[PDB]
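The structure follows.
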Amino acid sequence: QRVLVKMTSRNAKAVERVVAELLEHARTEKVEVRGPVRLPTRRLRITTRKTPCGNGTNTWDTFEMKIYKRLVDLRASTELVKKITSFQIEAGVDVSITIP
Amino acid sequence: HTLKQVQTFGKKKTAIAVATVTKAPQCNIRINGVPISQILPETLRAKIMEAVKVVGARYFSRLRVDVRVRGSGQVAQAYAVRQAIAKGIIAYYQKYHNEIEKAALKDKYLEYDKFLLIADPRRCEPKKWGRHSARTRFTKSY
Amino acid sequence: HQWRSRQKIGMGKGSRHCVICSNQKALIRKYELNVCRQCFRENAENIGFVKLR
Amino acid sequence: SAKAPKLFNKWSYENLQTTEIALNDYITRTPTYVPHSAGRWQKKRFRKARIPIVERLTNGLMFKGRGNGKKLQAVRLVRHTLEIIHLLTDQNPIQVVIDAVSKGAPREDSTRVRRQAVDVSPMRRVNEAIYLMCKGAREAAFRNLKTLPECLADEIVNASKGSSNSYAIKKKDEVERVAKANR
Amino acid sequence: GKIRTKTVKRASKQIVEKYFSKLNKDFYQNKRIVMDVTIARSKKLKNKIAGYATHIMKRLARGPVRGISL
Amino acid sequence: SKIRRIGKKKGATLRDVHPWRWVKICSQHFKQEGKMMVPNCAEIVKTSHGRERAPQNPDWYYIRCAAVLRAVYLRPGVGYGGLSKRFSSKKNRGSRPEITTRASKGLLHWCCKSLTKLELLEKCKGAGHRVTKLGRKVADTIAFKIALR
Amino acid sequence: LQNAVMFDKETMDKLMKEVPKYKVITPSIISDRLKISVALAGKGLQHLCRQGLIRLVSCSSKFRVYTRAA
Amino acid sequence: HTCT
Amino acid sequence: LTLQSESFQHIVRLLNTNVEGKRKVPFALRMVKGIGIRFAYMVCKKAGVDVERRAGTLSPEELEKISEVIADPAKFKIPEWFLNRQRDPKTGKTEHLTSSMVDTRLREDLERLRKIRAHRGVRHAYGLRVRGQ
RNA sequence: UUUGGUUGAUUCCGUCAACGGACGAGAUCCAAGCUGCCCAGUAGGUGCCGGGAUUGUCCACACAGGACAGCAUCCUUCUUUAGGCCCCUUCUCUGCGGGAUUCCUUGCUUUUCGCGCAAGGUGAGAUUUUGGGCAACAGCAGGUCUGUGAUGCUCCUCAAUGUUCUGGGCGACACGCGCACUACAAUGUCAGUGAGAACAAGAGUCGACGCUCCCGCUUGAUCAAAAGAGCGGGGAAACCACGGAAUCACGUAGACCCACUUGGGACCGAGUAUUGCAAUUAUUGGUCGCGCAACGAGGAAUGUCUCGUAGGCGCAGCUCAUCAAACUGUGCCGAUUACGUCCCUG
Ligand SMILES: [K+]
Ligand SMILES: [K+]
Ligand SMILES: [K+]
Ligand SMILES: [K+]
Ligand SMILES: [K+]
Ligand SMILES: [Mg+2]
Ligand SMILES: [Mg+2]
Ligand SMILES: [Mg+2]
Ligand SMILES: [Mg+2]
Ligand code: NA
Ligand code: NA
Ligand code: NA
Ligand code: NA
Ligand code: NA
């Protein structure tokens with residue numbers, strides 16, 4: 001659990017792209033990498049009446065929003081790890097680096 | 001000196017039962033810690049007991065059965081246990097034994113009940129707006 | 001002293017306002033949104049909410 | 001080894017028969033241990049005839065708004081009914097239940113078509129038989145000291161004997177008599 | 001009902017016309033061939049297309065078909 | 001002979017025996033011994049405010065403490081919040097939908113105090129209570145007692 | 001309904017005189033033959049079974065069924 | 001409130 | 001299973017209220033106004049009377065022991081929160097009111113509110129509901 | 001763009017003064033039920049090695065005590081909120097994929113053919129697979145000027161229909177109507193013991209150097225509930241959490257026994273604590289009384305529903321400083337009847 005990098009976004013394709021090419025950036029140094037972990041996907045739901053004036057049949061409207069989370073474990077020296085993590089980041093994807 | 005072990009599973013509604021069958025000096029069946037023949041609902045005891053009573057106790061001679069159930073109420077958990085037990089002996093007999101011995105118990109199992117080896121695919125239906133349940137609608141007044 | 005008084009206290013329904021139109025009727029407070037339902041439906045796509053089912 | 005299943009570990013399914021040749025194909029007698037099955041018996045048109053006879057009696061017991069879905073309670077009520085039947089008759093309880101279903105439904109009905117008499121199919125005969133037994137017992141045990149497990153046993157026994165002191169038999173005669181004069 | 005629509009029917013005739021060889025009376029072999037030479041997005045359509053193609057081949061093995069024109 | 005033992009299977013453990021029978025025997029042992037202290041609050045209070053009437057069993061306090069011993073035995077490190085969950089019911093609210101209520105945590109504090117005074121239970125640091133060596137011995141000795149009986 | 005609440009001599013003797021001859025014994029039935037409460041009937045039947053004049057057939061928390069010993 |  | 005003693009009596013007279021000869025003792029005392037269930041259980045417990053006696057053998061000494069317990073509940077370690085009138089807005093006393101004295105206090109409260117001419121008093125006078133309904 | 005068969009289908013086949021085309025249906029999209037790769041110090045298991053507890057030649061077998069497993073086998077079982085190590089990925093997590101196609105038999109099908117139906121088989125699943133979401137062209141003087149810094153004409157505009165403050169009202173009862181909740185009891189009410197779900201949610205982007213939100217463990221306690229207080233955790237697959245929900249079960253040798261009764265809880269009296277700047281027209285929660293309020297299954301009339309469905313039972317979210325008999329979702333027990341027709345309404 002030496003180095004924890006967590007990525008999360010709103011686009012499954014973008015999240016997968018970042019993880020896959022982060023691994024090749026890791027695979028070019030010979031770090032010890034624990035495989036990516038897919039955390040459970042979370043959906044935020046909001047239900048709202050469609051009408052703006054309260055008339056007619058009571059018809060509703062359900063909106064959703066999905067969030068994908070991935071986890072990667074790296075065991076390497078700090079000045080090295082910053083070099084791996086210096087890659088370009090796709091728009092909409094955030095990356096958090098933590099050490100426990 | 002040697003270890004014989006198999007792991008199977010069964011599901012009824014959302015309960016998942018995981019059964020481990022191993023060779024032991026004497027047969028024992030424990031469900032969530034408390035042994036069989038001590039489950040309070042006698043009706044549910046009979047349903048679990050029938051997994052061995054159909055093929056006879058001679059095939060469960062020196063086997064140890066350990067089952068753990070999680071989720072989905074009371075009756076649905078009993079049905080998942082009996083399916084994980086039935087799949088367990090069949091899986092155990094598949095190896096460590098000839099092929100003729102297997103498929104001699106399967107026919108007895110599938111003759112009595114299909115669900116003893118095949119999971120029931122039924123699940124709860126989602127609720128829709130404008131309805132009190134999946135099907136029933138709001139009352140009309142005129 | 002007496003010009004606002006109650007409004008300066010800042011409590012209850014009459015102290016929230018909509019983030020977009022400053023209205024105080026039928027606000028959505030989930031996830032700290034503070035958008036009225038009429039304005040939410042118009043901006044839901046840009047917020048990131050899509051209708052799948 | 002394996003032995004033949006016995007209902008409630010006390011009653012045997014062997015040496016069972018139906019004296020009415022019409023209903024022989026619609027009353028099931030496969031051996032089972034308990035009246036709990038939990039199978040999809042309503043997917044096809046005629047698949048409901050394969051439910052064991054004792055289970056069908058169990059299903060009819062849990063009817064009113066209270067009792068909708070209390071299968072385990074119904075099994076307990078059915079279980080206590082059998083020994084009262086066995087004590088009263090000194091004969092296999094399942095045999096008595098088989099006889100009562102055989103003789104508990106009218107074989108000729110009248111329908112609005114001015115009403116004209118028609119016939120009744122085997123399946124409707126079995127279904128209406130069990131329905132009238134549970135309905136007769138349920139209304140007898142309401143606001144009464146008699147309790148239900150020993151209200152249902154008496155009416156099943158009376159129906160098997162064919163006595164008119166039963167809800168099932170009394171209604172069967174009235175339907176048949178009306179259908180005759182209505183044609 | 002299980003009627004096959006015009007989109008399914010027309011594509012099946014085209015496949016049989018161009019690739020009558022390599023086709024046989026087995027659904028599973030035909031499905032693999034259809035998946036190779038089709039670019040349809042839906043998997044459901046490709047299953048139906050291979051189903052109707054096998055039906056045509058079975059009729060062809062017995063007699064001529066108006067629309068096939070080999 | 002229902003007490004004849006099968007090959008092997010020597011002794012018994014609490015998890016094996018019938019649950020109600022063990023509680024009834026354990027409650028009598030507490031009563032017949034007499035070292036357990038019963039507070040003067042054990043004649044007026046109800047088990048929980050969700051209940052409607054006071055307990056009808058004269059030995060209800062002795063029964064409850066035995067059950068509390070069993071729960072701590074099964075789940076070490078449980079606290080008053082957990083024990084209230086184990087003893088719950090549905091409250092009749094009049095012309096309103098019923099609601100579930102938890103047991104009062106005041107009584108469970110008294111029950112744990114009586115057991116601790118009887119050196120049958122000790123509290124883990126920074127957590128709930130667990131059972132001591134004497135408490136484990138007491139429960140198992142009674143369980144084997146029932147099996148032989 | 002004027003069911004008695006406490007056992008009285010005439011009913012007291014009738015409990016061991018006539019009841020043990022009955023083929024089926026139930027608290028609901030006994031409360032009818034002797035005009036006593038259902039709660040009283042259950043206690044009297046338990047009294048007879050301990051004596052040994054009747055035998056319990058089916059036992060449960062809510063329902064009990066007894067028959068003659070021989 | 002009152003209804004009657 | 002004890003035989004009826006032939007001294008079994010119906011409508012046992014107690015606290016100017018006829019109390020049924022049948023019924024268990026806690027549910028027979030419930031018919032005396034002001035007692036109610038959950039109080040008759042405490043009354044029987046503090047008077048040394050079994051709750052499974054069914055008023056069949058209620059000897060005059062036991063009735064007198066019961067009647068003196070309810071007369072002064074606090075003398076037998078009944079808690080103050082377990083009582084009818086906790087602080088008596090007029091007198092300033094803690095007591096339990098039973099057996100045709102609760103109604104007298106009820107009409108005393110109604111007239112007290114009327115003289116005050118409070119909102120609760122006038123609504124009581126007109127016959128309307130005094131709560132929020 | 002009709003007629004003849006068929007289909008939920010203007011879905012197909014055939015015929016044809018029409019031929020070629022566009023929408024809608026179908027497909028596509030989401031969620032379930034079966035499986036493949038990749039996965040772990042936030043999900044889980046398997047051996048051993050420690051440590052802790054109980055342990056029988058017979059004999060005894062509940063106060064009345066019964067029916068249902070283990071015994072040719074290598075050695076009795078449980079726990080580790082006194083725990084060290086070794087092996088793993090069936091169960092959980094999910095981003096792309098496979099898998100169902102009337103596929104295979106039998107019988108029916110306009111004189112053949114064609115389009116297809118019914119029963120069975122393979123199967124996790126066998127007929128739009130099951131639920132949703134989307135949904136054309138024409139309209140209605142349907143609703144909304146009480147959503148907006150959407151808006152035209154037209155009203156008020158400084159002792160105002162602008163704006164703010166104080167106090168009331170929106171809730172007032174002889175009554176009538178729609179929709180819910182609770183019951184009218186024994187298939188029950190009350191009191192104990194047992195096993196046991198999923199969807200979810202939780203704090204600053206103005207105010208006190210620290211916090212605000214959601215919870216756990218103790219103490220309060222030499223004596224009710226309701227609460228003050230200490231000690232901590234969680235930014236949420238790590239905390240609450242081994243998520244001890246309610247129906248449910250119990251050979252509990254429990255209490256009641258057919259009565260407006262321990263059924264039902266309306267109405268009313270008295271004492272307390274909390275939220276709030278403020279509780280009277282009772283905010284709310286808890287305690288003891290009142291139960292002599294109807295109500296014993298409901299006339300004419302009338303609503304919804306075809307498989308994990310109806311009905312029954314609870315939980316979360318939302319509204320929310322405090323209040324859910326409402327709505328939006330979630331799981332738990334779990335049936336009877338039909339597989340039809342055009343009689344009524346369309
Ligand atoms: K409505
Ligand atoms: K039109
Ligand atoms: K209003
Ligand atoms: K509302
Ligand atoms: K019609
Ligand atoms: Mg035209
Ligand atoms: Mg208009
Ligand atoms: Mg009540
Ligand atoms: Mg009453
Ligand atoms: Na009854
Ligand atoms: Na109730
Ligand atoms: Na309810
Ligand atoms: Na049709
Ligand atoms: Na305007």
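Only this structure's heavy atoms are used, side chains among them; waters, hydrogens and symmetry mates stay out. Each chain gets a letter, A, B and so on, in the order the sequences are listed, and its residues count up from 1.
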Test item: side-chain donor near acceptor, B/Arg131 and B/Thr136, under 3.5 Å: no

Checking D/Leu61 against D/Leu57 for the side chain to side chain contact (heavy atoms under 4.5 Å, CB included) test, could you report, in this order, the C-alpha distance in whole Å, the side-chain angles of both residues, the deciding distance, and whether it holds? CA-CA 7 Å; D/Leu61 264 181; D/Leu57 183 62; 5.5 Å; no

Applying side chain to side chain donor-acceptor pair (under 3.5 Å) to D/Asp99 and D/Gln95, what does each step give before you reach the verdict? CA-CA 6 Å; D/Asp99 302 355; D/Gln95 193 58 72; 3.0 Å; yes

Is B/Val52 close to chain D through its backbone or its side chain, or both, or neither, when contacts mean heavy atoms under 4.5 Å? neither

So for B/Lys53, is it side chain, backbone, both, or neither that comes closer than 4.5 Å to the heavy atoms of chain D? both

Considering residues, nucleotides and ligands other than D/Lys3, do more than 12 of their heavy atoms fall under 6.0 Å from its NZ? yes

Could you tell me which portion of D/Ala4 (side chain, backbone, both or neither) has an atom closer than 4.5 angstrom to a non-hydrogen atom of chain B? neither

If we check side chain to side chain contact (heavy atoms under 4.5 Å, CB included) with D/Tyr13, which of these qualifies: D/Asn92, D/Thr30, D/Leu7? D/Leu7

Toward chain B, the part of D/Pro5 with a non-hydrogen atom under 4.5 Å: side chain

Stepwise, does the salt bridge (charged side-chain N to carboxylate O under 4.0 Å, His left out) test hold for D/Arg125 with D/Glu128? CA-CA 5 Å; D/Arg125 285 225 264 152; D/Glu128 205 77 8; over 6 Å; no

B/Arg64, CZ atom: more than 12 neighbouring heavy atoms under 6.0 Å: no

Which pairs, with at least one residue in residues 16-26 of chain B and sequence neighbours excluded, count as a salt bridge (charged side-chain N to carboxylate O under 4.0 Å, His left out)? none

Interatomic distance, B/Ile85 atom CD1 to B/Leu63 atom CG [nearest 0.5 angstrom]: 11.5 Å

Can you name the residues of residues 149-183 of chain D that have some heavy atom under 4.5 Å away from a heavy atom in chain B? none

Tell me, for B/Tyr79 versus chain D, whether the close heavy atoms (under 4.5 Å) come from the side chain, the backbone, both or neither. side chain

If you count heavy-atom pairs under 4.5 Å between each of B/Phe115, B/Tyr59, B/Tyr112 and chain D, which one has the most? B/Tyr112

